[PDB]
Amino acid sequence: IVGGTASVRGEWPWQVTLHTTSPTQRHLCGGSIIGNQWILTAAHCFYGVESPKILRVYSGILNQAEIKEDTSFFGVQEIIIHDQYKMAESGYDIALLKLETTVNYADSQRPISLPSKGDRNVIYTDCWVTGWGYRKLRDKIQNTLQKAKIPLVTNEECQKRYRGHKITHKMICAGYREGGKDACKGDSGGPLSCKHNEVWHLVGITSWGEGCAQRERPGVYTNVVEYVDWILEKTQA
């Protein structure tokens, strides 16, 4: 995360850290707990990943340092990627990670509610992007989960910032006109939590963006509300 500040323990209960063990153990992506056995994340995060056996999901984490050989984690039983996904830039960059066992909700790890097409007068004005990503193009994974308040920008306005891509309705952008704050390398898969009516809604999934926190270059996230039907369907037996 760029232009943000250190988060406090237990602040973002739904935020997890996805690790890969190949070739060695390291933070690969972020992800959100939406079910006691379901992590919503980005499809491109598994680029190259042949088997979910090398995956590790760590809940209730604040400092990457907390991860050790003895540290408990959740194994992934199956990687579910949207059947229409081709290229993160084009959209459909969404994936479900089905854990082998269930999570026990606690103050340090809980599910974040999904948006609903049935919601009324939805106006997100309290959005936050979280993750252990870079703090500046060409950096390194952070130890402490970083957060940053970022304003949503309309699809139209964003379409103008990205004359190279086709910002579809299934995407959502966020960022200041002058930049300074945004998600960066390592935050993909992370949640884009926004306050609706005293309740947190997983509005978007960290997907991409030209550079990191560049002016007139907003972060692009997968627009979750547009996939709720997919999620419910895929989460169903």
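Sequential numbering from 1, following the sequence displayed.
Just going by the entry, 127 to 135 versus 155 to 163 on mean CA temperature factor gives the higher value to 155 to 163.
Checked against the record, the higher mean CA B factor of 36 to 44 and 63 to 71 lies with 63 to 71.
When the C-alpha B-factors of 112, 96, 99, 122 are read from the PDB record, the largest value belongs to 122. As recorded in the PDB entry, 214 shows the highest C-alpha B-factor of the residues 20, 223, 214, 17. Residue-level temperature factors show residue 198 in the highest third of its chain, judged at the C-alpha atom. When the CA B factors of the chain's modelled residues are split into thirds, the value for residue 56 lands in the lowest one. Among all modelled residues in its chain, residue 219 ranks in the middle third by Cα B-factor. Compared with the other modelled residues of the chain, the Cα B-factor recorded for residue 209 ranks in the middle third. Ranked against the other modelled residues of its chain, the C-alpha B-factor of residue 141 as given in the entry falls in the highest third.
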